[PDB]
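Numbering-wise, the sequence shown is residues 9 to 230 according to the entry's author numbering.
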Amino acid sequence: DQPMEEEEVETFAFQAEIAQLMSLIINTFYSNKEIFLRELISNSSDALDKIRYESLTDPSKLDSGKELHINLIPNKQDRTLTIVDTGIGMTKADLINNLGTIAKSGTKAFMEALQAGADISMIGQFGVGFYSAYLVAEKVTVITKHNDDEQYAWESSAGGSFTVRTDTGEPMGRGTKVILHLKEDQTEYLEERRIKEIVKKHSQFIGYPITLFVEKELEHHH
Ligand SMILES: CC(F)(F)CNC(=O)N1Cc2nc(N)nc(-c3c(Cl)cc(Cl)cc3OCCn3cccn3)c2C1
Numbered sequence: 009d010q011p012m013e014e015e016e017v018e019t020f021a022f023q024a025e026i027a028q029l030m031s032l033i034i035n036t037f038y039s040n041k042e043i044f045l046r047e048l049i050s051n052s053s054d055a056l057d058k059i060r061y062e063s064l065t066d067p068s069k070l071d072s073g074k075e076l077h078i079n080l081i082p083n084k085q086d087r088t089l090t091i092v093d094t095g096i097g098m099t100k101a102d103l104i105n106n107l108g109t110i111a112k113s114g115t116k117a118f119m120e121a122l123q124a125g126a127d128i129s130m131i132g133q134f135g136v137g138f139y140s141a142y143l144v145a146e147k148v149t150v151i152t153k154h155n156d157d158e159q160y161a162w163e164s165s166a167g168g169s170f171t172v173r174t175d176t177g178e179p180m181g182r183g184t185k186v187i188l189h190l191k192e193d194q195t196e197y198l199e200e201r202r203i204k205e206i207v208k209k210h211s212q213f214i215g216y217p218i219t220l221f222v223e224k225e226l227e228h229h230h
């Protein structure tokens, strides 16, 4: 009797300061949590800038898809909010290096700044805005696809470690999906009016199309 699927899953420990930051963010009360969406859309914009720049000199970099955009996908049934871009994406090494194992100077800098009276909303200025996702999410899953490379899934519920594995689900052309599994009391960010007002207020100057796709599994077909 053979398995439908088998795949290797790697578990990595977060660098100590990153673990520290994630604990502070996911546990502490803050009154301006909506800033997470600005930070993720900002990361997507940056990733789109990168692939765009590459395509300036090598058009073939867009063979995996010419459209440069950001999609926002609330799914009330799964209690997930997903931010999708067709930006540059990440290799497996990028995931492991950039999402937890290597310490950035801005990680301790940001926590120092907060203790010195700075606001959480400055997190992006320290290059660690992604982790603001844990203001509203109990678990974050990142699915990513870089040119020439396989599609990978990174995941963490915090608590000191993350996992990486190959993603065999629906193949992306190129880019990154950040899937926020929301905290029970944070479901307001699945509502259309809330998403719209947050994008309007905080992401006004993003130079790529941002599109809402409200997702619902139709009855008996979940
Ligand atoms: C060489 C490379 F092009 F740079 C590899 N490409 C990446 O490293 N990324 C592509 C990407 N796309 C989205 N939508 N988000 C993230 C992102 C995530 Cl998921 C987690 C953290 Cl901690 C930081 C992040 O971006 C920080 C800011 N940045 C955006 C692009 C690059 N740096 C990344 C990282």
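Built from N, CA and C at the ideal position, the CB exists for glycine as well.
Helix, strand or coil at residue i [DSSP, three-state]
i	result
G95	coil
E16	coil
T65	helix
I214	coil
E42	coil
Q10	coil
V136	coil
7 Å Cβ shell around residue i - same chain, five flanking residues per side excluded
i	result
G73	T94, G181 and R182
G168	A21, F22 and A27
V144	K41, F44, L188, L190, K191, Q194 and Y197
Beta-carbon proximity list for residue i, same chain, < 6 Å, skipping 5 on both sides
i	result
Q85	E225
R202	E196
Cutoff 8 Å; reference residue i; Cβ partners in own chain excluding five residues on either side
i	result
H230	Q85
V207	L45, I49, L80 and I218
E15	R173, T174 and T176
In DSSP terms, what residue i is bridged to
i	result
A21	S169
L220	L80
Could I get the ranges of all uninterrupted beta strand (DSSP E) runs contained in the region 70-120, with 3 residues as the minimum, in chain order? 78-83 and 88-93, all fully within the region 70-120.
Uninterrupted beta strand (DSSP E) stretches inside the region 144-199 (no shorter than 3 residues): Within the region 144-199, the complete beta strand (DSSP E) runs of at least 3 residues fall at 145-153, 159-164, 169-174 and 183-190.
Does the region 59-74 come within contact of the region 30-47, defined as at least 3 CB pairs closer than 8 Å? No, the region 59-74 does not touch the region 30-47.
How about the region 156-176 and the region 97-109: do they share at least three Cβ pairs that are nearer than 8 Å? Yes, the region 156-176 is in contact with the region 97-109.
Whether or not the region 87-104 and the region 112-122 are in contact is what I'm after, with contact meaning three or more pairs of Cβ atoms, one per stretch, closer than 8 Å; do they touch? Output reads no: the region 87-104 does not touch the region 112-122.
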